[PDB]
Structure formats: C-alpha cells, structure tokens
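Each chain, letter by letter, is given below.
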There are 2 protein chains.
Amino acid sequence: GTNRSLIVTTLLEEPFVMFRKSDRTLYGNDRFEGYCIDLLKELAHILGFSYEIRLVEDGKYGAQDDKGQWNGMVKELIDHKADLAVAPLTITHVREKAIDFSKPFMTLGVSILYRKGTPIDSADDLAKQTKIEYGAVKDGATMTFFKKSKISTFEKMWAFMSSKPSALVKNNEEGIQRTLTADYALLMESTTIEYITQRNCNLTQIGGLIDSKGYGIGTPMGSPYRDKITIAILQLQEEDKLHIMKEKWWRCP
Amino acid sequence: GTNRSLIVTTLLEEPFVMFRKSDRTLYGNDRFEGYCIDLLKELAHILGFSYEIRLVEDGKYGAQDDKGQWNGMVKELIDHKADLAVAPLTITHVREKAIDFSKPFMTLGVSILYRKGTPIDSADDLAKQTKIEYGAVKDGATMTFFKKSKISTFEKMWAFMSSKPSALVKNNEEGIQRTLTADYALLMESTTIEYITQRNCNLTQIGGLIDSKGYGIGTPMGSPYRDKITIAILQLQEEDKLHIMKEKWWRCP
Ligand SMILES: N[C@@H](CCC(=O)O)C(=O)O
Ligand SMILES: N[C@@H](CCC(=O)O)C(=O)O
Ligand SMILES: [Cl-]
Ligand SMILES: [Cl-]
Ligand SMILES: [Cl-]
Ligand SMILES: [Cl-]
Ligand code: NA
Ligand code: NA
Ligand code: NA
C-alpha cells in the first residue's frame, strides 16, 4: 500500500515512449524507453518507488463523449486502474475537472505540421479553404481545443474537421503518414513537430503556436503520490535536468 | 499544527470577496462575504478546518517580472505566507510552474467589456485601431495571456497595451470605471463581465470568449490540504451546489 509498485499507464509516442530495439523478445518494464521513461526512472530513483508500465488498451489520451464518459488514459486514472499516466499528457481545464496532474514537465503549444510545398503561413490560411485537408488526433487535447473554441477561425476549422471522417486520425503516427501521402496538414503539439521535422526533412511547422500549455504526469484526483512527484520535477528543472533529457531524445539539408 | 487554522490570502473583488455592510466596525473573518467566502465556509464545514483571512498587501493576483520574481497572491503562496488563496484566481500554465491549485470551481474565459455605443464586435475590431483604447488588469492572468500570445491579433493588442501607460489598470474596479468615463474597452474574465453588465446597463460584452479556463483555490506546491479541498469541491459540483452559489451572488431595460 505504501510500498506497492505504482501502476503506470502510457501509450507509444515517439520520442516519449517507444519499444526499445532488441533481438530478444522483451517483457515488462524493459520493453520501454524514451524521454518519459527516463523521467519516470529518475523520479523513481529520487523518490524510492517502483512501478509496472502498462499500455492503455484503447490507445487514446482521452476525451469525453456527449454523455460525459471518458476514454483513454484519462479514463484509466478516473477509474483508478492506474496510479500515474506517464506520457505527453496535456494538462487542460476540461481534464482538471476529472483528474489531477503533476506540475508541467514540458511546455508546448498547438501548431501545424505540413509538407514543404504550398506556402501557407497560418491556421487562417487553412481555415479559408478545403483543398488542403486538415485535422488532429481523435480524442486528444488538440481535437478538444478546436471542439471547444469560440474563436471564429478555429470554429471554422472544427466545423470542417468534425464533418470529414478522414480528418481525425488515430494517433500522431497515422497523422504524420497522412501529411506525407496526401495534401493534409496535421494540427499537432509543437515539441512533437520539432522532433518530426528534424527527421522528415520534407515536413515543416506552419505558423506559430496557437496556445502555450504543458504536459504533466496524470494521476487520479487526490493521489497520495502526486505531490512528491511535483516537488521532484521542480527540483529536476531547477538544475536543468529536463532540458538535458529533451536534448538527449530530440538530438536536414 | 494539523489542527492549526489555515492562513487564507485574498483580495477584494465583487462578487467573490467583498466587505460586508454593517454599522459596526467589523474585524477578522466577519469582515468578508461573497461567493468565494461562501465556498470557503462550506469547505471548512465539510472538511473540519478553521482559517484566518488576510488581504494580500499589494492587491495583485500575481505575475512574474523580468527576473522571474512573482508578486500578488501567487507570491504569498510561493513564500508559504498563506496556505490557501481563496479568490477568483485563474489556473494557468505559467502559475502551475510555481504553485498548485485545487480543481477548478468555476469556468470562465477572456472577453471584452465596453460601453454600448460604437458597435465593435470582436477583438479583431479593437486590434486594428487605437481610438478606442483597451487593456487589462496589471499583473493578472489576462495581461499575461496577451503578453505570451503568438496569435497575430493578440500580439498587436499586447504591443499596444504594453506601450500605453494608462492601458493596464490596477484592478477590475479601476478598469470598469475607465470603461464608464473614457472610450476604453477592458479585457476581462467572462463571469465577471456577466456580473457587471447586469448591474451597469450601459456596459456590454463584446464578442465571445477568447479562451476557456478555470478559477481554483491556490496553494503552495506540496500543500497537505489541497487534495481534500479538491475532492470536496468535486462533490459540491456533483450536487450542483456551486451553480446554486453562483446564482445567489449573480442574481436591465
Ligand atoms: N498530448 C495530447 C495528444 C496529442 C494531441 O492532442 O495533439 C493529449 O494529451 O491529448
Ligand atoms: N482572475 C485573474 C485576474 C483578472 C484578470 O486577469 O483578468 C487572475 O487570477 O489573475
Ligand atoms: Cl502492456
Ligand atoms: Cl529543466
Ligand atoms: Cl486583512
Ligand atoms: Cl455545481
Ligand atoms: Na525484440
Ligand atoms: Na482548528
Ligand atoms: Na462598518
């Protein structure tokens, strides 16, 4: 209870959480590596806890349907099926109504991922047309941002995204593949765009950040572990350790 | 001191925290009433704690200066000079880097307060001119939102606000008085606009919400009281008690 291993829910998302490469068939925690895994390891060392990592079955971050029911990692936390969600889980007002988060460990904002070619320069350029299709990860924070926005440009974008069955993609990976194979722009969080555009040299960020927010480790509301994790994150940041960790995992003509 | 009274920092802001009317000279907690005071009282009853309310000396909510030093209620929490900040304290990413918040007890967004007359309709209308001056409360969340935005319209607005000495006002009251005596629009949080426009029938909200976020009870990072307060808030909301409390305090031709 006070010594048990914490159940950690996560999902695969480069470079935060990945299956590490090996010839062996791997099992347990050893399967995983990445920025969020390094963060979890450092926290576990500092705070003296152990854990078991489990992939969220539905592969989603989490959003509410019209009856108010959640899915994804958010639902795992609400149900107390996990103690921590260690992932690039965006801290949002709608989620703070249902679950808790550590202090943020990374800052990001929504922006646009698109192929180098047609020189569009902003969301305004996307919103005023449909030839270039656009969308976001289904049941993630970006989708929810557009769904909830009352800013005219973003309302127009939500009207389009939500009417076009192909527009909302299962995960970043499907979205990135779409930007590579179709005339499609993905509304994406900015540090992920940074990572992707350093590796796919034909992709680029379009425009700037639409907002500025954070990723946190999710917990069930009122978790006994959340506070110590927050304080440990704060101290890692005072010493620039998270900046260094980012450089490790983010490290074109 | 697991029985000690909690120190509560606050500031005067109608209808959240106000000096109650009396012929007597009042002292201590008895001086205060309002939506946030009712919320505090209900939480204290549910959770079995006592408190001493103190007005923040500088009358500010809190923002960081160029060297990263905070002021206002946020600084009181950072310094652990208060246990709770019971006020309409906006939950924001930049603040979550330094302090903690309960789950939100109220949803709001930035909008515009302006005198019925010139029929402007949106922030875009303000941003494209200067005859109608505009601004926000100095060292509050709205100011910070504009200072940090990379959305073109809001960048232009910040460029103007931050150049014009009169534009940033000390508190809502000064800003409201300014909308009444000058051709000035105040960027203001929406539930406060709702309260003000029901009482000052010559004022109105211009446009919709620019964002959607929450007020929470602020605590120092690491607080032993924050979780129980969050759970109690959740349960008040499940039963619609906060909606009823808003009707009480918010209740023209
Ligand atoms: N990090 C997001 C998912 C990605 C996105 O929505 O763009 C979340 O927590 O929902
Ligand atoms: N509620 C705001 C102050 C008002 C404003 O910024 O509009 C805060 O917590 O900073
Ligand atoms: Cl698994
Ligand atoms: Cl850091
Ligand atoms: Cl006082
Ligand atoms: Cl309620
Ligand atoms: Na393998
Ligand atoms: Na007591
Ligand atoms: Na009196």
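Residues numbered from 1 in each chain as written, not as in the entry; some residues may be left out. Chains lettered and ligands numbered in written order. Heavy atoms only, no water.

Colleague: Looking at this structure, I do not really get the site of ligand 1. What am I missing?
Modeller: Residue and element names in this part refer to chain A. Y61, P88, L89, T90, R95, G140, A141, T142, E189 and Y215 make up every residue found near ligand 1. Here an oxygen atom of ligand 1 and a side-chain polar atom of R95 are 2.8 Å apart. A141 places a main-chain nitrogen or oxygen 2.8 Å from an oxygen atom of ligand 1. Where the shell around ligand 1 is concerned, the elements lending two or more residues are β5 (84–90) and α5 (141–148). Here the shell around ligand 1 gets three residues from one element, more than from any other, and that element is β5. A per-class count over the shell around ligand 1 returns five nonpolar, three polar and two charged. Looking at the shell around ligand 1, you find at least three residues from each of domain 1 (1–108 + 213–253) and domain 2 (109–212). (Near = heavy atom within 4 Å. Polar contact = N/O pair within 3.5 Å; in protein donor to acceptor, adjacent residues only side chain to side chain. Helix = DSSP H or I, 4+ residues; strand = E, 2+ residues; numbered from the N terminus. Nonpolar A, V, L, I, M, F, W, Y, C, P; charged D, E, K, R; others polar. Domains from an automatic or database assignment.)

Colleague: Is there a simple way to explain the coordination of the sodium ion (ligand 8) in this structure?
Modeller: Ideal values differ by geometry: the angle at a metal is 109.5 degrees with four tetrahedral donors, but 90 or 180 degrees with six octahedral donors. Residue and element names in this part refer to chain B. The sodium ion (ligand 8) binds to the protein through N3 (O) and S50 (OG); the donor distances cover 2.7 to 2.8 Å. Residue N3 is found in the segment before β1 (6–10), and its partner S50 is found in the loop between α1 (35–47) and β4 (51–55); the two are separated by 47 residues along the sequence. A relative accessible area of 73% means that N3 is categorised as exposed. (Donors = N, O, S within 2.8 Å, 3.2 Å for Na, K, Ca; no water. Buried < 20%, exposed > 50% of the residue type's maximum accessible area, 1.4 Å probe, protein only.)

Colleague: Quick question: what am I supposed to make of the site of ligand 2 here?
Modeller: Residue and element names in this part refer to chain B. Taken together, the neighbourhood of ligand 2 is formed by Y61, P88, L89, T90, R95, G140, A141, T142, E189 and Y215. One of the backbone N or O atoms of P88 is found 2.8 Å from a nitrogen atom in ligand 2. Taking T90, its main chain carries an N or O atom lying 2.9 Å from an oxygen atom of ligand 2. Isolated, ligand 2 exposes 290 Å² of accessible area, and the fraction of that covered by the protein chains is 98%. Of all the secondary-structure elements, those providing two or more residues to the shell around ligand 2 are β5 (84–90) and α5 (141–148). The element best represented in the shell around ligand 2 is β5, accounting for three residues. Of the residues that constitute the shell around ligand 2, the class distribution is five nonpolar, three polar and two charged. In this structure, the shell around ligand 2 is formed jointly by two domains, domain 1 (1–108 + 213–253) and domain 2 (109–212), each of which donates at least three residues. (Areas by Shrake-Rupley, 256 points an atom, 1.4 Å probe, with all protein chains shown as cover.)

Colleague: Would you take a moment to explain the relation of the copies chain B and chain A for this structure?
Modeller: For these two chains of identical sequence, chain B goes onto chain A by a turn of 180 degrees and a shift of 0.0 Å along the axis, with RMSD 0.1 Å. Here the transformation between the copies is reduced to the relation of a two-fold axis. Comparing contact sets, 100% of the residues at the interface of chain B also lie at the interface in chain A, consistent with an isologous, same-surface contact. (Least-squares fit on C-alpha atoms. Contact = heavy atoms within 4.5 Å.)

Colleague: Help me understand the state of the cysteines in this model?
Modeller: Among covalent bonds in proteins, the disulfide is the one between the sulfur atoms of two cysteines. All names here are of chain A. Going through the model one piece at a time under the given rule, you end up with two disulfides over all chains. Through a disulfide, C201 is tied to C252; the S-S separation comes to 2.0 Å. Residues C201 and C252 are joined through a disulfide that is left-handed, its torsion about the S-S bond being -85 degrees. By relative accessible area, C201 is classed as partly exposed at 30%. (Disulfide = S-S within 2.5 Å.)

Colleague: Could you clarify how one ought to interpret the interface of chain B and chain A in this entry?
Modeller: It is common to give the size of an interface as the accessible area that goes away when the parts come together. Counting residues at the interface gives 25 residues for chain B, matched by 25 residues for chain A. Each partner contributes to the roughly 1,900 Å² buried at the junction of chain B and chain A, and carbon and sulfur atoms together form 59% of this total. Across the contact surface, chain B and chain A share two salt bridges. Across the salt bridge formed by A:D100 and B:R226, the nearest N and O atoms sit 2.7 Å from each other. Inspection of the region where chain B meets chain A yields four residue pairs in polar contact. For the side of chain B that touches chain A, the elements supplying multiple residues, two or more each, are α3 (93–96), β7 (106–108), β12 (213–220) and α9 (226–238) of chain B. Counting residues per element, the side of chain B that touches chain A draws most heavily on α9(B), at five residues. (Buried area = accessible area lost by both parts, 1.4 Å probe. Salt bridge = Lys/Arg side-chain N within 4 Å of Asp/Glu carboxyl O.)

Colleague: I would appreciate a short explanation of the packing of aromatic side chains in the present structure.
Modeller: Each aromatic ring pair is characterised by the separation of its centres together with the angle its planes make. With the rule as written, the count across this model stands at 26 aromatic pairs over all chains. Here the aromatic rings of B:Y35 and B:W250 are separated by 5.8 Å at their centres, their planes lie at 85 degrees, and the arrangement is edge-to-face. Remark: B:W250 occurs in helix α10 (residues 241–250) and B:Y35 occurs in helix α1; sequence separation between them is 215 residues. Taken as a pair, B:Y35 and B:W250 share a single burial class, namely buried. Taken together, the ring pairs connect A:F16, A:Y35, A:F105, A:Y195, A:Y215 and A:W250 into an aromatic cluster. Taking NZ or CZ as reference, A:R178 lies 5.2 Å from the ring centre of A:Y184, over its face. (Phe/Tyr/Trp six-rings, centres within 6.5 Å; stacked < 30°, edge-to-face > 60°. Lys NZ or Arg CZ within 6 Å of the ring centre and 35° of its normal.)

Purely spatial values, then, with no claim about function.
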